[PDB]
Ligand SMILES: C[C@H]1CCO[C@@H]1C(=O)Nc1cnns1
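Coming up is one lone chain in structure tokens, specifically the form solved without the named molecule.
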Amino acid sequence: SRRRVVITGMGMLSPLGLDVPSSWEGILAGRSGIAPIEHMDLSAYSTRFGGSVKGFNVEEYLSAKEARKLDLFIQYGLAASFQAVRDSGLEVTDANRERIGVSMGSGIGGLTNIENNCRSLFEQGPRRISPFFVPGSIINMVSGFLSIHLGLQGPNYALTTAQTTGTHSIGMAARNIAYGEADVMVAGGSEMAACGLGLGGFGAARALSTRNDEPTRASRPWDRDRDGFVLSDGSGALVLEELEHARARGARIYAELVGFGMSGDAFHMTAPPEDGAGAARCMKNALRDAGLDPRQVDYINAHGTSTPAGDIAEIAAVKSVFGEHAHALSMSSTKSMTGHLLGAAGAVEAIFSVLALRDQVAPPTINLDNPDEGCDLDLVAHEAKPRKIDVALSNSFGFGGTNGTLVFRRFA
């Protein structure tokens, strides 16, 4: 048997806002968080825009001294984590601190720090590398710093599964609770890859939209004029909690996490199979995990990256899993507004999936002016769609063919 897992707190930094309610308001209004990247000479780059976090104030969370030791992706992860723990109302005590752990991940981790220390190393040699370079840049330091700050002694780890990180982090944290290794977990991911090496790295692979003239129209999942994903920064964190533990302290429960699927495509390093066979196995695994018939799904938060191949693979995957129900659910890509937060994508999209359940509304796929060949599902083009949502799926597909699916349900 297995314990039940609920969501009792959420926290976020995104291109749409510095917390969950500001981000969610932007999502339901179809606002874009995408703009030209400031304070950076991107003249020589084929992409000059992305989803930046605007006006982040790290001194709301950390002292100047502790902030200087930490890459922006760690700052962002800690901001989301502190928000989520505050939102949960949980009180850490000597009686429960061994039962509270952390799994906050990242796809690409501390590129900004690596860039700045490369500069020191190439220009002045190794003796000008910062002493906090390593501990301030390693992906497991959101989990590490959070556990030190709050006194959490539970399972402490970090996933790095590229664009799937945030989905896997949440799913595995939910397993830890379900199988009794923890009663509470803070889970999610963070990313700040808008450095030269990030825009340059994805640019070299020609994976990014180059729609420099109209950045807000660049991210257009399933639209015939899409030309690659939009690179975005931020973080998402959820407080996952065993149901009886949540009920005993009178926690506000947002939703239940009922299903988690994983699969490998075993197909290509960066491209999904055209038929989305891997994504289809992963969704089927997640529904089996939840004991749910495909017909019970109302809402899918797609991976929906705005790549030619990825977007069409997900349509094929959903038609395959859902058959005669594939048109009755609503599926949307909030990446149309946020861009692609890479390892934080799954974290912020799990939060959007929980809020779709709370507010009974499917967020829009903006910029979906001209659906592509066979993109004839209900993709919630342009504007939010109030509807019945009992069950919401959130999908992530990443480099290496690594897939994850979360299944959330309304809690009563």
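Start at 1 and count along the sequence shown; that's the residue number.
Form solved in complex with the named molecule: not shown, discussed below.
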Is it the case that residue 383, even though its partner is missing from this view, gets within 4.5 Å of the named molecule in the entry with it bound, heavy atoms only?
no
In the entry with it bound, is there a heavy atom of the named molecule that lies within 4.5 Å of any heavy atom of residue 359, even though the partner is absent here?
no
Is residue 327 close to the named molecule in the entry with it bound, meaning a heavy atom pair under 4.5 Å apart or at it?
no
Indicate whether the named molecule has at least one heavy atom within 4.5 Å of a heavy atom of residue 376 in the entry with it bound.
no
In the entry with it bound, does each residue in the set 18, 61 and 86 place a non-hydrogen atom within 4.5 angstroms of the named molecule?
yes
